[PDB]
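Here's the structure, in structure tokens; my notes come after.
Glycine also receives a Cβ, built like all others from the backbone with ideal geometry; neighbour counts cover every protein chain displayed. All of the numbers you see were taken from the coordinates with simple rules; none came from a lab.
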Amino acid sequence: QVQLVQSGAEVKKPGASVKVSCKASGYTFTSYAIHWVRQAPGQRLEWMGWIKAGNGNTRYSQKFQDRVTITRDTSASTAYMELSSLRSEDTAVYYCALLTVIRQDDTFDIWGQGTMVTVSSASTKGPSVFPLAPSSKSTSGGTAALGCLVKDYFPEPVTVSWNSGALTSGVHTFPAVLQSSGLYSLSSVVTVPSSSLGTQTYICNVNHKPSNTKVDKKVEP
Amino acid sequence: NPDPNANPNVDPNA
Amino acid sequence: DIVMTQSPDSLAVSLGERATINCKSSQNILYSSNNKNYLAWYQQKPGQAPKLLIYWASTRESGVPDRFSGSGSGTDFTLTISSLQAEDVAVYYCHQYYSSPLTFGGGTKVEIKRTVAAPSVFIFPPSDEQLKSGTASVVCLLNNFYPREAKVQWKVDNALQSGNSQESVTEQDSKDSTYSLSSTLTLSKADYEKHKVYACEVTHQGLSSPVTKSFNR
């Protein structure tokens, strides 16, 4: 119930700037230091800087110290990170974290959910969702596959749930692939008993927040 | 010696 | 600047055996004034932010299982997972907070070695909906198999396809330690309607002979 909640994914053009918010709830906001840590595709955790949420005072990594600006707004219990003069190498997930709050009165460590920033001139595009339809017919094995193809979107990511979060077992949501055309596409599948088909209802909930596309698709045999 | 402003959240004595 | 170097960069152990992760700091991070090593261990599971397991090189964070133990001192440290559970699959990082800048290691990907499991294969024709918009996406699904390596070959009227398909494989499952794979073949509507038999043929360690799933347009 101590929570850090970051702003949604963004796509920004090379040379532009990006600002990521980090709402911090459940504790005395001015007591601790909020850090910003990023992580590039397939690469390591990279500390960028911290801010003392009471003081407003900061330290930046040398690598970023002429490009990064960390601020805080105490009344809004919010830290912010801004990154200027973006390059494609800055494509990454950015996290805020209460890193290693070490005290005799409990040691704790709390991260935001992270924010995908894509540095790209390419435009924003919402996906199309198509059913991956199952066979209602009855097999010697007794299990059907169904799903949704989530196709032609940019930037990453997309989120997928089934039945407003009610259906988690059996679900596989695959990592997106970059199509030759420059747009992403991923599929989300789940395997169910063949008996549930004609009766149970299956809806994939697709949210692509950079284009504010939200689609619900009922998948039928 | 450790730089105690590496991470201000760290209380080195406990 | 303290650099953190981990070894190995990936390891694979069968369930219930120990995983040993080593980490070296380029400089001492033992403070002899308080006898504390300024090291931490994080476990980061795919799609998630890192989670703290160990601080002061060997003290367990509240809630962390006892199979997680850290040791070492000065410049040589080790994360030992005494009995690897299915759900311990993740990349593990060591982290120093002796000097600014704060730095992390490169990560140790920890993965489970288990017995073979053949995939379950399903084929999806493209929706009519999508075909209105002039493209056809045929999807082949391989479900909960091991080992990860698989071969998907699309055949269209029994002609071997090349260049026209894309694959993606999930991370290792935190319950049964298998993998699932997607293969998507994309054609124009014109190249879709000029053919009839659409088939993916799956070869894999778990199938003595490959599996072909098919439909007729």
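Couple of notes before you dig in:
- Residue check for C:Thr135: touching a residue at least 40 places away in the same chain (Cβ under 8 Å), of a type in the set (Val, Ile, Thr) and within 14 Å of chain A (Cβ to nearest Cβ): yes
- Filtering region C:140-169 to residues that are closer than 15 Å to C:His204 by Cβ and part of a loop (DSSP other than H, G, I, E, B) leaves C:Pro147, C:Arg148, C:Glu149, C:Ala150.
- Subset of region C:75-89 [farther than 12 Å from C:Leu11 by Cβ and either of a type in the set (A, V, I, L, M) or within 14 Å of chain A (Cβ to nearest Cβ) (or both)]: C:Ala86
- When restricted to residues that are touching a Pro at 6+ places or on another chain (Cβ under 8 Å) and within 29 Å of A:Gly126 (Cβ to Cβ), region A:1-40 contains 4.
- Cross-chain or 6+ apart pairs with Cβ under 9 Å, region A:166-194 first and under 15 Å from A:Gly147 (Cα atoms), then assigned to a loop (DSSP other than H, G, I, E, B) and among the basic types (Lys, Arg): A:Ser194/A:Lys137
- Sub-7 Å Cβ pairs linking a first residue in region C:16-44 that is over 10 Å from C:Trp56 (Cα atoms) to a second residue that is among the small types (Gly, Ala, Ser), at least 6 apart or interchain, are C:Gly16/C:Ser83; C:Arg18/C:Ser82; C:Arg18/C:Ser83; C:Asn22/C:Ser7; C:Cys23/C:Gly105; C:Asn28/C:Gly74; C:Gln43/C:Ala90; C:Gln44/C:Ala90, ordered by first then second residue.
- Strands (runs of 3 or more DSSP E) lying entirely in region C:33-130 (those with 3 or more residues that are under 30 Å from C:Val156 (Cβ atoms)): C:120-124
- Filter pass, C:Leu102 being within 14 Å of chain A (Cβ to nearest Cβ) and either surrounded by 15 or more Cβ atoms within 10 Å (Cβ to Cβ) or under 19 Å from A:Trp47 (Cα atoms) (or both): yes
- Region A:82-108, residues that are within 25 Å of B:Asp11 (Cα to Cα) and either in contact with a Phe, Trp or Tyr (Cβ under 8 Å, 6 or more places away or on another chain) or facing chain B (nearest Cβ under 9 Å) (or both): A:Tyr95, A:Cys96, A:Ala97, A:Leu98, A:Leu99, A:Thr100, A:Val101, A:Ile102, A:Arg103, A:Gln104, A:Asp105, A:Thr107
- Taking the numbered list (1) of a type in the set (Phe, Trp, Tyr); (2) under 15 Å from C:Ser120 (Cα atoms); (3) touching a residue at least 60 places away in the same chain (Cβ under 8 Å) in turn, C:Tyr192 passes all entries but (2).
- Those residues of region C:41-83 which are buried (at least 23 other Cβ atoms within 10 Å of the Cβ) and in contact with a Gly (Cβ under 7 Å, 6 or more places away or on another chain), in sequence order: C:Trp41, C:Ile54, C:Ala57, C:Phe77, C:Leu79
- Some residue of region A:199-210 being under 17 Å from C:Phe122 (Cβ atoms), of a type outside the set (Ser, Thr, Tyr), within 11 Å of another protein chain (Cβ to nearest Cβ) and crowded, with 22+ Cβ neighbours inside 10 Å: no
- Meets criteria (farther than 19 Å from C:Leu181 by Cβ and touching a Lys or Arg at 6+ places or on another chain (Cβ under 9 Å)) for A:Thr118: yes
- Of all residues in region A:118-132 being under 30 Å from C:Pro50 (Cβ atoms) and crowded, with 20+ Cβ neighbours inside 10 Å, the one that is nearest to the other protein chains (Cβ to nearest Cβ): A:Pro127
- Qualifying residues in region C:149-180 (those that are buried (at least 18 other Cβ atoms within 10 Å of the Cβ) and touching a residue at least 40 places away in the same chain (Cβ under 8 Å)) - the one farthest from the other protein chains (Cβ to nearest Cβ): C:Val156
- Given (1) crowded, with 21+ Cβ neighbours inside 10 Å; (2) more than 22 Å from the chain's Cα centre (by Cα); (3) away from every other protein chain (no Cβ under 12 Å), index of the condition A:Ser75 fails: (1)
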